[PDB]
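J.: Have a look at this one before I ask anything.
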């Protein structure tokens, strides 16, 4: 029996990546298919990434541990740190519940309030706190960590006395990867990386590069003399051959950035551009920046530098040209609000960073990879 | 549409008011955070709740 | 007309704010007077300002 | 004594901060209720069109 990396292996890998984990009870076909190549995949993951993958009877999960965590990676449905704190408290609660045990939502709120380890108390009488817990519960239910049929927490939104009957599912035990030491010894999150890389000392650079490339849409050059980027240059070519054999991607390399493009995204895949209009306006901004390279001098790092004021002028100028075709949502929003949202969005896709203090805008060359415009007949109808 | 525009503008107004109120709340929170930091820190050494 | 409506709403908001502020002002003054009488009571027993 | 002074400041700020937190949450409730109401009404308006 000798399996080979084919369409099926690519599909299993993609399914693993674009989901947090795969549950047997709902994706039995994918689970079996993945299981069939699981042998080749484990070897391959070790060879290229060095990442571990644990496949067991009820689910399969790929510990997509990033080289350096980024904001967009996290559960996006969550909006405050408090949401994560409540999530962790919910986890502790599930640690308190036996498998297939049934508990009421009211009990969960009470124990979470009691246990909550922060100095500043959590109060369930507020609306915002209840919204945070409901979002946490929704994410919990998404992974079937907890099942739910009686009522609907949404009424809990406008009725804190609302009640629902929940059942603790088996998956709660296995949800979180393992932390082999005294977890308290991990006095700070940075110490976790020192673990994952004490486990990846052998050819650490290649595994680092593979993780950085595969996770992020792109990999930005730290500076003119970045050792990592020189490394990338030395094995750009062998990477390209491997990538053509093994995946959907097509490699691109430039002086200050390197990235993977994808040719055919499926339903379940995430890609840029997408439907959200802000990508469109980001592209329009990209074209506008491309059109004045000298005024917005790309610096040696491939970045383009603009101050918040300069950016606001650009956004006004853009609203003048393409604003006619924008959604009424943005057309109706002040310059500064659009500025804040677009800059957060561009951070999520790593196109740029806004220095908090000096307000300098750094636009990465990856932003300059793509530019967009409306069809010409409308551009002339809108603003000729 | 008229009701929608009126409620949207009113909602935007309340958005401003809420933002300023949350600003004030976080200002007070910063003061309180500094005070709690100092109090627990300076009373840290003592074997006292 | 839109601006007139908006500013009327603004007026309702500012009036609410002013009323709440005056409420807190009255409450604070009442508590201040209670504290003042208690202070006077506890100083009256002997020679203090 | 100094830590007691810090404690009085913290308690004062804690009650004010709780007041502000409840006020801000109430305004958030108001804003979100209006936003949900406006969005359902907006879909209703598209459907009606």
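J.: If you rank D:17, B:31 by fewest surrounding Cβ atoms within 10 Å, what's the result?
T.: In order of increasing Cβ crowding within 10 Å: B:31, D:17.
J.: Take the alpha carbon atoms of the stretch A:200-283, find their radius of gyration, then divide it by 2.2 N^0.38 Å using N residues; give the quotient.
T.: The stretch A:200-283 yields a ratio of 1.22.
J.: Chain D to the stretch C:15-49: how many Å between their Cα centroids?
T.: Each part reduced to its Cα centre gives a spacing of 29 Å.
J.: Here's another thing I want to ask about it. Can you tell which of A:311, A:120, A:272 shows the greatest fluctuation in a Gaussian network model of chain A with Cα springs below 10 Å?
T.: Evaluated over chain A, the most mobile residue of the options is A:120.
J.: Note the angle between two axes, namely the Cα long axis of helix B:2-42 and the longest principal axis of the Cα atoms of chain B, as a number of degrees from 0 to 90, rounded to the nearest 10.
T.: Between the helix axis and the principal axis of chain B, the angle is about 0 degrees.
J.: Now for a separate question. Would you please classify the overall shape of the stretch A:28-109 from the alpha carbon gyration tensor, given that a ≥ b ≥ c denote the square roots of the eigenvalues, rounded means a/c under 1.5, and beyond that prolate means a/b larger than b/c while oblate covers the rest? Working shown, then result.
T.: Working: a/c = 3.02, a/b = 1.49, b/c = 2.03.
In terms of gyration-tensor shape, oblate.
J.: Among A:380, A:324, A:279, A:367, rank each residue by its count of other Cβ atoms within 10 Å, from fewest to most, as a rough exposure measure.
T.: Working: A:380 10, A:324 14, A:279 19, A:367 25.
Going from least to most buried by this count: A:380, A:324, A:279, A:367.
J.: How much length is gained if the chain between residue A:43 and residue A:134 is pulled fully straight, taking 0.36 nm per residue apart and subtracting their Cα-Cα distance, in nm to one decimal?
T.: Values: separation 91, 0.36 × 91 = 32.76 nm, distance 4.04 nm.
Working it through step by step, the gained length comes to 28.7 nm.
J.: Now for a separate question. Springs between alpha-carbon atoms under 10 Å, Gaussian network over chain A: tell me which of A:282, A:338, A:149 tops the mean-square fluctuations.
T.: Highest fluctuation among the options: A:149.
J.: Diagonalise the Cα gyration tensor of chain D and give the resulting equivalent ellipsoid semi-axes, square root of 5 times each eigenvalue, largest first, whole Å.
T.: On the way: eigenvalues 422, 6, 3 Å².
Semi-axes (√(5λ), whole Å): 46, 5, 4.
J.: Moving on to the next point. In what order do C:49, A:172, D:14 fall by count of nearby beta-carbon atoms within 10 Å, going from fewest to most?
T.: Details: C:49 3, A:172 20, D:14 16.
Fewest-to-most ranking of C:49, A:172, D:14: C:49, D:14, A:172.
J.: Can you tell me, using C-alpha contacts under 8 Å and at least 6 residues apart, the relative contact order of the stretch A:195-261 as a whole percent?
T.: Values: 53 pairs, mean separation 22.7, N = 67.
Once divided by the residue count of the stretch A:195-261, the mean separation gives 34 percent.
J.: When all alpha-carbon pairs of the stretch A:340-383 are counted, what percent fall beyond 17 Å?
T.: Values: 459 of 946 pairs.
Result for the distance tail: 49 percent.
J.: Okay, next question. Explain nothing, just the number: relative contact order of chain A, from Cα pairs under 8 Å at least 6 residues apart, as a whole percent.
T.: Values: 400 pairs, mean separation 47.2, N = 384.
Computed value for chain A: 12 percent relative contact order.
J.: Hey, another quick one. Relative contact order of the stretch A:112-262: what whole-number percent is it, with Cα pairs under 8 angstrom and at least 6 residues apart? Each step should come with its number before you reach the end.
T.: Values: 115 pairs, mean separation 19.9, N = 151.
13 percent.
J.: May I pose another question? So how far apart, in nm, are the two label points at residue A:324 and residue A:255 if each is 7 Å from Cα heading toward Cβ?
T.: 3.8
J.: Still on this structure: Name the most mobile residue of A:206, A:135, A:295, meaning the one with the largest mean-square fluctuation, in a Gaussian network model of chain A with Cα contacts below 10 Å.
T.: Its mean-square fluctuation being the largest, the pick is A:295.
J.: Something else now. Mind running the shape call on the stretch A:261-384? Use the C-alpha gyration tensor, a ≥ b ≥ c as the square roots of the eigenvalues: rounded below 1.5 for a/c, prolate if a/b tops b/c, oblate otherwise. Before the final figure, lay out the partial values.
T.: Numbers: a/c = 1.39, a/b = 1.09, b/c = 1.27.
Here the stretch A:261-384 falls in the rounded category.
J.: Sticking with this one: Give, in nm to one decimal, the length gained when the segment between residue A:380 and residue A:24 is fully stretched (0.36 nm per residue of separation minus the Cα-Cα distance).
T.: Numbers: separation 356, 0.36 × 356 = 128.16 nm, distance 5.41 nm.
My answer for the length gained is 122.8 nm.
J.: Mind checking B:24-33 for the average number of partner chain beta-carbons within 10 Å of each residue's beta-carbon?
T.: Working: counts 5, 10, 4, 2, 8, 5, 0, 5, 8, 4.
That average works out to 5.
J.: For chain A, compute Rg over Rh where Rg is the Cα radius of gyration and Rh is the Kirkwood radius from the inverse mean 1/r over Cα pairs. Provide the component values of the computation, followed by the final result.
T.: Working: Rg = 23.9 Å, Rh = 24.2 Å.
That ratio equals 0.99.
J.: Looking at the P(r) of the stretch A:101-178, how many percent of alpha-carbon pairs lie beyond 18 Å? Provide the component values of the computation, followed by the final result.
T.: On the way: 1264 of 3003 pairs.
For the stretch A:101-178, the fraction of Cα-Cα distances above 18 Å is 42 percent.
J.: Testing the spin-label approximation: label points 7 Å from Cα along Cα→Cβ at residue A:56 and residue A:357. State their distance in nm.
T.: It works out to 4.7 nm between the two label points.
Taken together, the values in this text are just the output of simple stated rules run on the coordinates, not laboratory data. Please note: Cβ atoms are built from the backbone with ideal geometry, for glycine as well, and neighbour counts cover all protein chains shown.
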